[PDB]
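What follows is one structure encoded as structure tokens, with my remarks underneath.
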Ligand SMILES: Nc1ncnc2c1ncn2[C@@H]1O[C@H](COP(=O)(O)O)[C@@H](O)[C@H]1O
Ligand SMILES: [Mg+2]
Ligand SMILES: [Mg+2]
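Laid out in structure tokens, this is it:
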């Protein structure tokens, strides 16, 4: 009843190795995304480890591990690849889409290098939670379909349970795919990848008419738009290597990510990021550097000037998405020239007071235009800003009522803070999945107001 195709396998030879998953010991399904499975047409009976732990294949699957390369922390790292995941197959849906089924943690691969080919329970739970949270925030992302755990030992800093995440995504094409064949001096493979991407994901681009220029221009636009969205909700990726940049502009590879709590422009959650290369505030600059590295691979067949003209549009596109989203976050229904100084004043104020990001904007969503109605060390400086802020809201013509309603639709009540995920991971390891299911449910309504500790500070 499910339709899989062998598109990547048939059309992109020599980009992969065919292999099957390596099952874990006593693997069992612990969580599956019931909403997504209905969207995908998956029979519910399939969840009663099977395919979710790589122990069986569904008809039409032809599993393979893709090769790719990357710049890691700004330095060429050579060949990477699907070192601990398997593309099981590509599913065609009724709307004409294809969805990759990628099993993360499926075992050793020719691209595992010196790693064990496994994932652990805590990292797969964090990835599932964050990817689902990002989707309900309206931010392009890979999706999480299932998690299996096992009694198989996997060693990181402690001994942990081996686990697998079934990831689904429209594509796993990364900037690092193009780099891989460019620095192998195989410029025709690079063009083949670009042609494959345009044929399946940009099919309105009529063949040859400025094909690659308009395509790359749009690739720049989607990555600028993704970063703008991260910035407004306080998402720090942590590992923006070129092999983790989705060509389509989806959030990809959830490792040492972090949703901002205290507002900290130079916030770093990657423990190995010594220089803060992937600090929250460098994400705009880093994404542009990643696009420049992609632009280098395309120069064999795209005029180097049209490449730089696409790269020059990055800042305006990022600024437009960012500015429009923040103005909704600030309740600015029109556009006054007081708006930039007002925001810059708030952020510099928020950074000196270490205000909680999500809470600051959610509380600001209760603002009444004519009312001046204590989380700051310098209340005098807030009332001064809050007054000049409120005077600008008066110009907006619009009511108190549904200015607050617009703000509550763009300022989340709940985000996935590190301590919420950790609580679900702890209970999960003890064999209690209630907190993991509870947290998943809450994250499907990030803009609803809450009674419980899902909107609170980390206890500390
Ligand atoms: N436990 C593991 N075993 C084998 N390969 C891994 C493991 N963890 C990560 N890798 C691979 O190492 C690379 C790290 O990429 P990054 O996400 O940029 O840090 C990717 O190619 C991964 O597939
Ligand atoms: Mg990765
Ligand atoms: Mg990773």
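Residue numbers (our numbering): 124 to 583. No residue lacks a Cβ here, since even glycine has one placed at the ideal position from N, Cα and C.
**Request:** Sort out for me which residues DSSP pairs residue 270 with in a bridge.
**Result:** 154, 288
**Message:** Determine whether the beta carbon atoms of residue 321 and residue 213 lie at a separation below 8 Å.
**Reply:** For residue 321 and residue 213, no; Cβs fall outside 8 Å.
**Prompt:** Any heavy atom of ligand 2 within a distance shorter than 7 Å of the CB on residue 367?
**Reply:** yes
**Prompt:** Taking C-beta to C-beta, are residue 249 and residue 544 nearer than 8 Å?
**Reply:** yes
**Prompt:** Which residues share a DSSP beta bridge with residue 212?
**Reply:** Residue 212 pairs with 224.
**Item:** Buried or exposed by the 16-neighbour rule on C-beta atoms within 10 Å, applied to residue 302
**Value:** Buried, since its Cβ has 16 or more Cβ neighbours within 10 Å.
**Request:** Would you kindly report the start and end of the unbroken beta strand (DSSP E) that includes residue 195?
**Result:** 192-195
**residue 358 - DSSP class collapsed to helix/strand/coil** = strand
**Request:** Compute the Euclidean distance between the alpha carbons of residue 408 and residue 215, then round it to the nearest angstrom.
**Result:** 36 Å
**Prompt:** Do the stretch 506-525 and the stretch 417-432 make contact, defined as three or more Cβ pairs closer than 8 Å?
**Reply:** no
**Request:** Spatial neighbours of residue 132 within its chain, please: CB distance less than 8 Å, with the 5 preceding and 5 following residues excluded, ordered by chain position.
**Result:** Around residue 132: 139, 141, 185, 187.
**Prompt:** Would the beta-carbon of residue 376 be found less than 7 Å away from any heavy atom of ligand 2?
**Reply:** yes
**Request:** Determine whether the Cβ of residue 393 lies closer than 8 Å to any Cβ atom of chain E.
**Result:** Included in the structure is just one protein chain, with no chain E present.
**Asked** Just to confirm, does residue 406 get its C-beta within under 7 Å of one of the non-hydrogen atoms of ligand 1?
**Response** no
**Request:** Please report the residue range of the alpha helix (DSSP H) in which residue 427 lies.
**Result:** 427-435
**Closer than 7 Å: residue 362 CB and nearest ligand 1 heavy atom** = yes
**Message:** Which same chain residues end up closer than 7 Å to residue 413 when comparing Cβ atoms and leaving out the 5 residues on each side of it in sequence?
**Reply:** 298, 363, 365, 368
**Request:** Measure the C-alpha to C-alpha separation of residue 465 and residue 453 and round it to an integer number of angstroms.
**Result:** 10 Å
**Request:** Confirm the yes/no value for this check: CB of residue 254, any heavy atom of ligand 4, distance under 7 Å.
**Result:** Annotation note on ligand 4: not contained in the displayed structure, which lists ligand 1, ligand 2 and ligand 3 as its ligands.
**residue 253 versus residue 195 - alpha carbon distance** = Across the structure, residue 253 and residue 195 are spaced so that their CA atoms are roughly 22 Å apart.
**Request:** To the nearest angstrom, report how far apart residue 105 and residue 360 are at their CA atoms.
**Result:** It is not possible to answer for residue 105, since the shown part of the chain is limited to 124 through 583.
**Prompt:** Span of the alpha helix (DSSP H) holding residue 135?
**Reply:** Unbroken run through residue 135: none, as it is neither H nor E.
**Assumed close pair residue 243, residue 279 - CB separation to whole angstroms, cut-off 8 Å** = 6 Å
**Prompt:** Is the stretch 573-582 touching the stretch 527-541, taking contact as three or more C-beta pairs under 8 Å?
**Reply:** yes
**Request:** Pick helix, strand or coil for residue 276, following the three-state DSSP scheme.
**Result:** strand
**Request:** Would you mind giving the Cβ-Cβ distance between residue 570 and residue 532, rounded to the nearest angstrom? I have them listed as a contact below 8 Å.
**Result:** 6 Å
**Asked** Taking the C-alpha atoms as reference points, what is the distance between residue 209 and residue 143?
**Response** 8 Å
**Request:** Would you mind reading off the limits of the alpha helix (DSSP H) that contains residue 231?
**Result:** Premise fails: residue 231 is in no alpha helix (DSSP H) and is neither H nor E.
**Span separating the alpha-carbon of residue 498 from that of residue 478** = 8 Å
**Message:** Quick check for students: name the residue ranges of the beta strand (DSSP E) that lie wholly in the stretch 484-539, counting only runs of 3 or more.
**Reply:** none
**Asked** How would you label residue 350, buried or exposed, when you count the other beta carbons within 10 angstroms and need 16 or more for buried?
**Response** buried
**Prompt:** For residue 477, which of helix, strand or coil comes out of DSSP?
**Reply:** coil
**Request:** Reducing DSSP to helix, strand and coil, say where residue 457 ends up.
**Result:** coil
**Check: residue 238 C-beta below 7 Å from any heavy atom of ligand 1** = yes
**Asked** Would you call residue 442 buried or exposed, if buried means 16 or more other Cβ atoms sit within 10 Å of its Cβ?
**Response** exposed
**Residue burial classification, residue 548 (beta-carbon count within 10 angstroms, cutoff 16)** = buried
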